Amino acid sequence: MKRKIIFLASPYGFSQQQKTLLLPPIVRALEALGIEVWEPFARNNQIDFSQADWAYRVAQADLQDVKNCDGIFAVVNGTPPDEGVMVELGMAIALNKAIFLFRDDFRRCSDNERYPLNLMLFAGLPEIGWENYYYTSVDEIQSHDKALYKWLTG
Amino acid sequence: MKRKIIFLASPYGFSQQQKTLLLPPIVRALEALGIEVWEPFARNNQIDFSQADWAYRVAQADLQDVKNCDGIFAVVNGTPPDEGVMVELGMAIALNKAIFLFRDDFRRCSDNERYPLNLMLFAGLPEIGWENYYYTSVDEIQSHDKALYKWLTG
Amino acid sequence: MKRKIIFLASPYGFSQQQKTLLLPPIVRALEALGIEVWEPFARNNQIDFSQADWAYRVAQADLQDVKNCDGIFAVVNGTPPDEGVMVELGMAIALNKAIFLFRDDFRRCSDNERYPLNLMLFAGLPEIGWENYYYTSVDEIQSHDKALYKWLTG
Amino acid sequence: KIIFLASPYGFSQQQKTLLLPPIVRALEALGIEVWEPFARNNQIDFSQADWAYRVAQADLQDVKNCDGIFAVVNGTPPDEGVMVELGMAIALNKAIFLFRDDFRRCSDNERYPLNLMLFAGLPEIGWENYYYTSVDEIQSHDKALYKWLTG
Ligand SMILES: O=c1[nH]cnc2c([C@@H]3N[C@H](CO)[C@@H](O)[C@H]3O)c[nH]c12
Ligand SMILES: O=c1[nH]cnc2c([C@@H]3N[C@H](CO)[C@@H](O)[C@H]3O)c[nH]c12
């Protein structure tokens with residue numbers, strides 16, 4: 001028995017209130033599906049401005065977590081999405097990880113008409129049916145008709 | 001020198017004035033080193049708001065050029081850096097491509113004291129000496145003492 | 001039972017989870033100081049992409065509330081802070097309103113070294129002791145040693 | 001007669017020397033005395049802690065003493081200092097002119113290409129006459145900046 005591993009990428013650890021109120025409900029949503037959630041702010045233990053001697057080790061721990069996970073769950077909220085989440089999203093695409101995006105932000109920050117965001121954030125997703133991997137609410141995370149559930153059971 | 005391939009990832013194509021006045025001087029500086037420059041805005045015909053039936057091909061073209069290149073020259077100006085540049089930069093790190101960063105913007109948009117930006121942008125760079133890969137002037141691109149020159153002669 | 005009015009500018013209404021979990025604790029902390037809180041998302045019914053005919057109404061509602069308040073409490077989280085918050089902040093500075101800033105985000109997104117953000121966000125604040133108007137935690141709003149309590153006590 | 005040119009173009013050394021002068025020339029060609037803050041305040045590098053407040057009050061007084069603002073609202077999202085100086089110009093009833101040649105959309109609505117609060121000082125109808133999408137439109141006679149000088 002080995003549960004699937006999801007790297008939960010988000011900018012929510014940068015804010016004290018967001019870290020304590022927004023991440024735990026998302027973590028619970030994924031693990032009600034049996035997932036082992038790798039949350040980088042708690043794992044790599046970054047709670048304030050990372051010191052000069054600590055910044056490389058945090059980057060390497062996030063680099064290694066992306067290499068050793070099965071899928072990424074990228075909170076792509078904000079205008080624009082957080083640049084650290086994007087670096088790790090591109091690493092997950094190049095390494096053929098399962099890709100899932102989350103944005104409950106109704107603002108559109110896009111360079112095209114087909115996607116709500118920059119089109120490169122969707123390069124790792126199919127041309128038709130990418131919306132199945134695009135979650136717009138925390139309640140939607142556990143939908144048995146969406147891609148994350150079908151990736152665990154399929 | 002070897003005629004290496006550089007993928008020039010930048011947001012300068014989104015603005016009419018920047019595509020005309022800012023991108024050509026950077027392309028000329030890279031070509032002055034004997035580099036084959038893959039500039040995606042002209043190489044993939046990203047002229048304006050990408051149509052819906054065209055966005056998936058623009059994404060996959062950027063993705064293929066990152067896979068088939070030798071290195072990436074990421075213009076990481078802005079607060080924060082462009083999310084499309086950040087995705088393409090994440091792909092290059094995971095594919096073990098050469099990494100070179102460009103920022104002549106003097107604003108600091110960082111989460112740490114070591115690096116001037118989010119530390120994940122430097123994950124593919126060495127712990128010591130990453131400054132040699134970090135360019136803060138167009139004129140600094142053709143310096144022998146910087147990593148892009150040494151990369152060509154090795 | 002005279003009661004000072006504070007306009008609470010934040011980007012938190014753009015995300016479903018942020019509007020539900022982050023704003024109520026902040027409104028609570030202000031109301032516990034006897035403050036009267038005008039919250040634009042609650043007052044304007046802006047719950048998704050505003051219609052074309054509805055967008056100008058929202059614009060004039062955010063505008064009149066700033067003009068008729070006694071002070072603004074600006075949530076200036078994010079890299080960079082929300083541009084609508086920044087417009088409403090400059091209005092309050094221009095109208096000699098009381099200014100209070102909130103940021104529990106530890107990222108530095110600044111053009112200088114004195115302030116943790118762009119220097120113009122502190123133009124309406126004193127050159128010395130501006131930190132007294134700068135809140136970095138929800139638990140800090142109650143502090144009688146900080147400028148919000150003092151502004152309420154004359 | 002006086003336009004304050006709010007832009008983030010002074011933050012990049014390449015952008016300050018290549019992008020701002022062409023915009024300054026067009027505004028002056030219409031007959032406007034341009035107030036460019038990065039040059040007017042002769043400061044362009046991570047402002048010394050002892051200088052940052054002075055730079056803030058200098059531009060704060062420039063928006064108070066100008067006749068209108070020309071705000072380069074390019075980028076996703078637009079620069080925060082530009083937006084602060086914009087909201088001041090709106091509260092002080094100054095003339096409002098916006099410039100965005102960036103073809104990316106970053107709005108919270110459908111009518112306006114950006115956050116609807118950048119257009120609070122513009123009319124509900126015909127706000128697009130104040131919205132410039134290219135440098136070769138600054139000198140357009142059918143646009144609000146020329147009509148603003150002709151009474
Ligand atoms: O200071 C930090 N501490 C921990 N993780 C990160 C990261 C990585 N990038 C993402 C946020 O930028 C986050 O999900 C994490 O994997 C950037 N900066 C920090
Ligand atoms: O180095 C500077 N010199 C002059 N003004 C500014 C500012 C002020 N804030 C705004 C930031 O874009 C800018 O347009 C100007 O009004 C920031 N940095 C500088």
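Order of the sequence lines sets the chain letters (A, B, ...), proteins ahead of strands, with each chain counted from 1. These numbers come from the heavy atoms of this one structure, side chains and all, not from hydrogens, waters or symmetry mates. When a ligand or atom number is given, it counts from 1 through the structure's own listing order.
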Identify whether the distance between the nearest side-chain nitrogen and carboxylate oxygen of D:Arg104 and B:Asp82 falls below 4.0 Å.
-> yes

Does A:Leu148 offer a backbone N or O that forms a donor-acceptor pair with the side chain of A:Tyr135 under 3.5 Å?
-> yes

Contact table ligand 2 N or O to protein N or O, d under 3.5 Å:
from     : atom 1 : to       : atom 2 : distance (Å)
ligand 2 : 1 (O)  : D:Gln43  : O      : 2.7
ligand 2 : 3 (N)  : D:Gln43  : O      : 2.9
ligand 2 : 5 (N)  : D:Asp59  : OD2    : 2.9
ligand 2 : 9 (N)  : D:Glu85  : OE2    : 3.0
ligand 2 : 12 (O) : D:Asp79  : OD2    : 2.8
ligand 2 : 14 (O) : D:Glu85  : OE1    : 3.3
ligand 2 : 16 (O) : D:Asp59  : OD2    : 3.0
ligand 2 : 16 (O) : D:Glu85  : OE1    : 2.9
ligand 2 : 16 (O) : D:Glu85  : OE2    : 2.5
ligand 2 : 18 (N) : C:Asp111 : OD2    : 3.2

Go through the steps to decide whether C:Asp111 and D:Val55 satisfy the test side-chain contact (heavy atoms from CB on, under 4.5 Å), and finish with yes or no.
-> CA-CA 11 Å; C:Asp111 65 343; D:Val55 184; over 6 Å; no

In Å, rounded to the nearest 0.5 Å, how long is the span from CG of B:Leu101 to OH of B:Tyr133?
-> 11.0 Å

Once the angle between the rings of A:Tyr134 and A:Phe122 is folded into 0 to 90°, is it parallel (under 30°), tilted (30 to 60°) or perpendicular (over 60°)?
-> tilted

Can you pull the side chain to side chain donor-acceptor pair (under 3.5 Å) pairs that have at least one residue in residues 94-104 of chain A, sequence neighbours excluded?
-> A:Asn77-A:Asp104, A:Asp104-C:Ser15

